[PDB]
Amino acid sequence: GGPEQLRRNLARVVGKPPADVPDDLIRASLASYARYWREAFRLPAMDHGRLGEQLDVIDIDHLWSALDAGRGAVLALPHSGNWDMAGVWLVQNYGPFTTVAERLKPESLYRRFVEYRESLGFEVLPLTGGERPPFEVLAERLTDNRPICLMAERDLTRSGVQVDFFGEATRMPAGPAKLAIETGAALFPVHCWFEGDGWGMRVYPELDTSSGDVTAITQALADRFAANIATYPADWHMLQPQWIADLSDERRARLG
C-alpha cells in the first residue's frame, strides 16, 4: 500500500488522523523500511561472528532459562526493526532455528528469499507446497527442546484471529498460540528496533498459555506488540494494510 498506507497505520499508533500524523515520524519510519532492504542486500556478506558478539538481546535469559529446562520456545515478533539480523544473532548464539515465510509468487522470487535466509543460517518452511504441514514440523522442533521464530502481528485471512490492535480490529495468526498450548513450550513476545546505526532486540516475559483460549492468548500478544510499537513507533515499517477497515470490499470478502 506504500507510504499512504504506512501513514494510515501510524495513525492508529499515535492516535491521530492520518493527515495529522507527525512528518518526522513518517520520515523515520520510511527510513527504517529502506534500511531493512539496504541491509538485506549486504547481510549475507557481513561477518555474522562479529555481529554475534557485538549485538545483544535484553532479558535473553527468559529464552535460556526455558530451553535449559527442556521446553522449547516460541519467539513471536512483529515486523519491526531488522528481524533477519536478529535471526543471524540467534544462529551465532545458539544455532540453526526454524521459522516460516509466506510463499511468494513468482517462485523465482520465493527461491531468492529462501536462498537469502538460508545464507543466514536458519530454516524457512513455506506455508504451502510442502511434504508436510509446517505446523507439524514446528511442533516437533518444540518437542525436541528447540526454539522457533514467528511473525505474529499480521495474518489477514479466514484463518486469522480477530483481535483488537490499537483500538481497532485486525487479524493475527494462531500458530504461536496453538503450538504453545500443544507442546507446552514457552511463548515469548519479542521486539526488534533500530538503535542508532545499530540494532536493538529484547525478549519479554512469557504469556499464560493455561486457559487454552487461542483468542485471549493472541490478544495478550497483540497488546504486548502494541505497547512495544508505541515505544518505537518509527521502527515498525508496515507499509501493507494491517487493519481490516483499510481493505476493499473485495479483499475483505476473502476472509469472511
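Note that residue numbering follows the sequence shown and begins at 1.
Student: Taking only the CA atoms, which stretch has the higher mean B-factor in the record, 25 to 33 or 199 to 207?
Tutor: Going by the record's values, the stretch with the higher mean is 199 to 207.
Student: If you average the Cα B factors in the entry, which is higher, 74 to 82 or 90 to 98?
Tutor: If you average the C-alpha B-factors of 90 to 98 and of 74 to 82, the larger mean comes out for 90 to 98.
Student: Going by the CA temperature factor in the entry, name the top one among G167, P134, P173, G121.
Tutor: Highest C-alpha B-factor among the listed residues goes to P134.
Student: Among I60, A40, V214, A227, which residue carries the highest C-alpha B-factor recorded in the PDB entry?
Tutor: Checking the PDB record, the top C-alpha B-factor among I60, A40, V214, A227 is at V214.
Student: Once the chain's modelled residues are ordered by C-alpha B factor and cut into thirds, is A177 in the lowest, middle or highest one?
Tutor: Ranked within chain, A177 CA B lands in the highest tercile.
Student: Thinking about Cα B factors across the chain, which third does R251 belong to?
Tutor: It belongs to the highest third of the chain when residues are ordered by C-alpha B-factor.
Student: Considering every modelled residue of the chain and its Cα B-factor in the PDB entry, is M151 in the lowest, middle or highest third?
Tutor: It falls in the bottom third of the chain.
Student: Compared with the other modelled residues in the chain, in which third is the CA B-factor of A220?
Tutor: According to the entry, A220 has a C-alpha B-factor in the chain's highest third.
Student: Please say which third, lowest, middle or highest, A69 falls into when its CA temperature factor is compared across its chain.
Tutor: Top third by C-alpha B-factor.
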